[PDB]
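Structure, as structure tokens:
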Amino acid sequence: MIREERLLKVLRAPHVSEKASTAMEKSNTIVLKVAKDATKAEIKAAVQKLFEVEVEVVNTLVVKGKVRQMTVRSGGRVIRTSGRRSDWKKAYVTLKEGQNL
Amino acid sequence: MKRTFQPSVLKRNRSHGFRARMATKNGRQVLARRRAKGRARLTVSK
Amino acid sequence: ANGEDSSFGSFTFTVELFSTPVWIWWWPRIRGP
RNA sequence: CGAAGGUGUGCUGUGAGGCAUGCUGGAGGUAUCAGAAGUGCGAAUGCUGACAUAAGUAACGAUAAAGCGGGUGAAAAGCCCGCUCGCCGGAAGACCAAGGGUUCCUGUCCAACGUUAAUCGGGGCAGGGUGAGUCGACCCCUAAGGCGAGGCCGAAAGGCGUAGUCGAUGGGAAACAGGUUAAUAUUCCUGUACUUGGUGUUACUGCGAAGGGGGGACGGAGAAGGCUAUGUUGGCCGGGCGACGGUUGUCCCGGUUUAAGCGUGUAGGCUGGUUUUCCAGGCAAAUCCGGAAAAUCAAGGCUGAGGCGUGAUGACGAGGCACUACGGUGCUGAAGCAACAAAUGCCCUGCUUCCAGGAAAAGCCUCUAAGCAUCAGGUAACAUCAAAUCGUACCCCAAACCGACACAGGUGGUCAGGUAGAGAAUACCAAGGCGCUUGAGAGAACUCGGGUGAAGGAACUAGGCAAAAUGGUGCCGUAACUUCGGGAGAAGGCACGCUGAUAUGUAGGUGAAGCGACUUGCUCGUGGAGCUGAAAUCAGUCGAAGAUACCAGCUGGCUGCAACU
RNA sequence: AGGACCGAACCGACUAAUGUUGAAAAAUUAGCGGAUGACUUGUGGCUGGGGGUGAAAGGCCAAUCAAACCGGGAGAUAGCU
RNA sequence: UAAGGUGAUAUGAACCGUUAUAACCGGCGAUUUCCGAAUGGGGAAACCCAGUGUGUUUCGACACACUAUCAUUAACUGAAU
């Protein structure tokens with residue numbers, strides 16, 4: 001069985017978008033950001049425990065980060081820097097009949 | 001016309017990859033030289 | 001109201017220059033053989 | 001209260017040079033006499049940076065093509081909307097693999113990038129977007145090959161290789177149809193399914209291998225036959241009655257779709273079946289495989305498209321009825337059949353034939369050994385749970401890949417609609433997608449790509465180079481020579497359109513009802529409705545011309561060389 | 001039946017023209033040859049430099065080949081410019 | 001050692017501290033993902049797949065430890081014989 005500390009780790013944030021809002025209002029589906037190494041069983045247990053709702057099924061995907069470019073000044077001189085935003089995991093959690101936040 | 005570079009990731013890794021460099025002592029010497037130079041990318045492995 | 005971008009993530013344009021030697025045929029050019 | 005450096009002026013020495021001070025500059029510089037040198041530049045097709053010239057010249061990258069109206073805007077040939085025009089259509093459409101890596105969708109901006117402008121963009125910035133038990137990877141299995149405990153070799157490094165372990169481009173389980181987003185869908189939703197495994201309950205029970213045997217499991221070519229995808233026409237349903245003569249009809253336009261699964265098991269293909277006894281074989285043993293006898297029935301079994309039923313009183317559906325921000329959203333919804341023609345797709349890993357004689361291993365089925373014995377295990381039914389992880393956006397014959405470029409090049413797989421046509425050639429079209437990111441004029445020489453030419457017709461030229469010409473199908477006819485196959489489409493001729501009749505559509509193809517049988521339905525025989533449909537002959541008829549376009553052999557004679565592909 | 005015939009895909013490359021600071025560091029256009037085979041093609045693998053591979057041309061071995069490329073001996077040597 | 005701090009970018013925000021347990025500096029500890037000799041097997045570095053124990057369990061499962069090769073030594077057992 002999954003320990004409670006793991007469950008308190010795996011849930012990162014609710015994900016806000018019009019796709020997420022439409023999913024909630026159509027299919028009773030909750031979209032979250034989760035830890036990149038969280039399995040579907042872990043997400044199911046975490047939602048069922050920390051949110052006190054009953055979960056039907058979890059769908060997950062990994063989002064690759066984009067390249068972001070911005071400048072940093074280093075000793076009276078602006079230099080252009082480039083780097084990639086970190087990947088993250090998105091969970092589509094379908095609720096049986098409960099209401100969430 | 002067909003040009004010389006005809007990419008293929010599998011062939012690239014099997015020829016010049018990290019595990020291919022580590023398999024022989026000459027390839028291990030290639031890696032040591034690149035570490036001594038301070039190369040940001042040791043191999044084609046990505 | 002619109003604001004100012006002030007980014008120009010393509011402002012610095014790196015410029016180079018390189019060429020290639022060209023084969024020429026000289027055989028009828030010849031005043032000899 | 002103005003150093004070095006920069007820039008002028010004056011003076012001065014034979015010269016390298018020196019001194020003074022106006023401006024600029026804003027903090028360093030150094031008499032003299034010695035000392036040390038990275039100590040002096042015009043050249044080295046010297047090296048680096050900057051800037052000229054040609055010159056506002058060549059060019060702006062396929063000759064598929066554009067014209068107007070409206071919109072937005074500072075500004076419109078290029079953006080958006082509309083109407084026309086043109087181009088591709090076995091591709092210039094659609095879907096992928098490889099490769100790429102956010103290029104995808106929305107909002108904003110126009111510096112730079114875009115061979116012009118740009119309000120636009122594969123550009124900048126911000127936000128969003130990739131949902132799987134069944135698709136793919138991972139995973140089980142192995143090929144070529146790689147690595148390789150021990151091992152065998154080798155001055156060292158190391159080489160080869162056994163047990164083994166990796167390695168797909170190959171073999172191993174299972175999902176379809178509708179709907180939906182600005183951007184994902186066999187992944188979400190709706191409906192209807194399926195597979196494998198674990199664990200329990202019940203019932204019946206011999207189970208049990210790194211071992212044996214089956215199976216998986218395999219070439220080329222050719223020829224049917226049976227089908228389907230798909231198409232055409234008719235019927236049906238809905239709509240229409242014509243900007244110019246006619247159009248209530250052998251009239252016009254559109255639609256007539258529906259899957260996995262489950263049930264049935266037929267066109268076809270293969271094979272005799274079932275018992276009993278025995279054993280020098282399958283490294284051991286076996287009830288399995290192989291072999292040998294005997295009896296008795298060949299009337300059994302495997303395999304297999306398609307059709308049919310159900311799935312489905314559901315979904316979809318022309319079009320209407322509404323709202324609207326005129327984007328688009330919402331509601332309802334007719335008919336939804338038949339005949340003919342059909343593949344290169346399926347039956348087919350089949351069948352026939354040939355020689356060059358056509359992977360492996362696992363999953364799977366089966367047999368026992370050691371072993372386990374009222375256990376454990378196996379079989380079936382039911383219940384329940386589990387099917388993780390990674391990929392999924394977008395381009396993908398290309399402006400996202402390989403070519404330094406938004407480059408006339410290269411790049412494997414799949415799908416393939418109509419009319420002509422042998423055809424995947426070719427012409428014109430559909431669905432779909434585009435007009436190729438500089439335009440506007442002019443209408444010189446010359447260059448490029450083409451059209452046509454009096455008379456002549458190879459006189460051209462190294463040479464008929466290039467061009468012109470020939471070109472289809474059927475029939476008649478066809479020499480030398482020959483290795484007897486050839487030569488040969490030798491050469492050379494003739495007939496080709498349309499209309500009517502034979503025959504209101506023929507020969508042929510398909511084939512319904514009706515009827516007869518049977519072993520009684522996915523049956524057989526007969527019958528001929530309906531549909532489709534060449535070719536020929538006779539008669540007529542128009543044009544200069546009937547293989548009318550595109551498409552599509554020039555022919556003959558004598559010789560050298562090499563047999564030939 | 002066929003290293004059979006005509007001819008698309010596909011694989012080549014005989015002739016001409018254009019192009020030659022190209023649309024292209026070998027192409028385009030019009031013709032041309034093979035097109036069931038000694039064929040062609042995807043994906044992997046193996047052979048390494050006096051070595052490989054070669055239906056043989058000193059062909060090809062990353063736009064490089066009578067001895068690849070990279071680094072080193074190395075500031076080789078240069079009675080020559 | 002301290003009246004200032006929360007590294008640069010850095011402004012800001014929300015805060016910490018002012019004799020002494022804010023920050024900073026030094027000694028000693030703790031934690032120390034994954035890859036890499038990489039060592040449980042494999043592999044195209046940063047990934048895929050396990051076996052055996054111990055413990056836990058809400059029966060879904062979960063946590064931890066160990067498991068490379070070679071050399072030497074020891075114990076056990078043990079072919080042709």
Side-chain angles (χ1 to χ4, degrees), chain A residues 1-7 15-24 26-32 34-45 48-49 55-81 84-85 87-94, chain B residues 1-31 33 35 37 41-46, chain C residues 1-25:
Chain A
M1 179 216 264
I2 316 180
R3 277 145 38 71
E4 170 172 2
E5 310 83 313
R6 186 57 182 141
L7 308 181
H15 178 53
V16 174
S17 100
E18 83 148 44
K19 169 110 181 263
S21 311
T22 289
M24 182 48 186
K26 267 39 199 303
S27 325
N28 215 44
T29 302
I30 282 304
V31 194
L32 324 166
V34 285
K36 211 222 181 183
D37 60 311
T39 52
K40 309 230 253 203
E42 268 157 35
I43 299 166
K44 218 222 199 193
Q48 246 156 207
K49 183 182 217 323
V55 162
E56 235 304 349
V57 48
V58 176
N59 285 41
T60 49
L61 56 82
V62 191
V63 202
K64 323 286 136 43
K66 323 198 172 123
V67 171
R68 179 113 74 191
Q69 282 177 348
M70 59 213 216
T71 62
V72 68
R73 81 161 29 250
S74 173
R77 172 209 317 300
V78 157
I79 54 148
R80 312 233 56 231
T81 44
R84 179 161 308 271
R85 319 233 290 271
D87 295 17
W88 52 291
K89 197 182 244 193
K90 183 150 91 183
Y92 284 97
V93 188
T94 301
Chain B
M1 335 180 50
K2 218 198 172 183
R3 298 313 199 191
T4 63
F5 188 46
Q6 277 327 123
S8 147
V9 181
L10 170 65
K11 302 230 289 213
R12 193 185 191 41
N13 287 316
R14 284 193 182 161
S15 325
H16 323 290
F18 179 79
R19 298 201 37 100
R21 298 273 173 231
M22 290 294 297
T24 65
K25 64 111 208 163
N26 280 336
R28 256 137 46 201
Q29 258 165 54
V30 161
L31 285 168
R33 291 201 299 271
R35 291 225 191 61
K37 204 167 190 233
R41 256 105 56 201
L42 229 57
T43 60
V44 317
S45 311
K46 78 183 271 293
Chain C
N2 328 83
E4 161 41 2
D5 222 24
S6 42
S7 290
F8 289 170
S10 266
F11 143 81
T12 325
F13 183 119
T14 36
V15 197
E16 319 59 52
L17 212 30
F18 83 126
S19 289
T20 278
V22 183
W23 81 263
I24 294 320
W25 198 55

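Each chain gets a letter, A, B and so on, in the order the sequences are listed, and its residues count up from 1. Hydrogens, waters and symmetry mates are skipped; everything else that's a heavy atom, side chains included, is used.
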### Message
The side chain of A/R3 is closest to which nucleotide in this list: F/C62, F/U58, F/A44?
### Response
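Of all the options, the side chain of A/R3 is nearest to F/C62.
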Check the interface with nucleotides 180-182 of chain D: list each N/O to N/O pair with the protein under 3.5 Å, or write none.
{"residue": "D/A182", "atom": "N7", "partner": "A/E18", "partner atom": "OE2", "Å": "3.3"}
{"residue": "D/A182", "atom": "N6", "partner": "A/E18", "partner atom": "OE2", "Å": "3.4"}

### Query
When rounded to the nearest Å, what value does the distance between P atoms of D/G319 and D/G255 take?
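Their P atoms lie roughly 9 Å apart.
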### Query
Hey, does the side chain of A/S17 come within less than 4.0 Å of D/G129's phosphate (OP1/OP2), counting only N and O?
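Yes, A/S17 has a side-chain N/O under 4.0 Å of OP1/OP2 on D/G129.
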### Query
A/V63 near the nucleic acid: base, sugar-phosphate alone, or nothing, with a heavy-atom cut-off under 4.0 Å?
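No contact.
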### Task
Name the nucleic acid region contacted by A/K89, choosing base, sugar-phosphate or nothing; use a 4.0 angstrom heavy-atom cut-off, strictly under.
sugar-phosphate
### Consecutive Watson-Crick or G-U pairs in runs of at least 3, all under 3.5 Å, in which RNA chain F is involved
F:4-6 with F:14-16, F:40-42 with F:47-49, F:50-56 with F:61-67
Hey, do [M] and [N] pair up, Watson-Crick or G-U wobble, with both distances short of 3.5 Å?
N: D/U195; M: D/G557; answer: no
N: D/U452; M: D/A298; answer: no
N: D/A315; M: D/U257; answer: yes

### Task
Take nucleotides 20-27 of chain E nucleotide by nucleotide from the 5' end and write B, S or -, depending on whether a protein heavy atom sits under 4.0 Å from the base, only from the sugar-phosphate, or from neither.
-----BBS
## Note on the structure
With B for base contact, S for sugar-phosphate-only contact and - for none (protein heavy atoms under 4.0 Å), nucleotides 97-114 of chain D reads --SS-S--------BBS-
### Message
For A/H15 and C/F18, find the nucleotide of RNA chain D closest to each by heavy atoms; which residue's nucleotide sits nearer the 5' end?
### Response
A/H15
### Point-to-point distance, once rounded to the nearest 0.5 Å, from CD1 of A/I43 to CG of A/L32
7.5 Å
Shorter than 3.5 Å, N or O on both sides, protein versus nucleotides 41-43 of chain F: list them out with atom names.
{"residue": "F/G43", "atom": "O6", "partner": "B/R19", "partner atom": "NH1", "Å": "3.4"}

Show each protein N/O and nucleotides 46-55 of chain D N/O combination with a separation under 3.5 Å, one pair to a line.
none

### Query
Under 5.5 Å centre to centre and under 30° between the ring planes, is that true for the bases of D/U332 and D/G333?
yes
### Message
Just to confirm, do D/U250 and D/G249, adjacent in the strand, meet the stacking rule in which the six-membered ring centres are under 5.5 angstrom apart and the planes are under 30°?
### Response
no
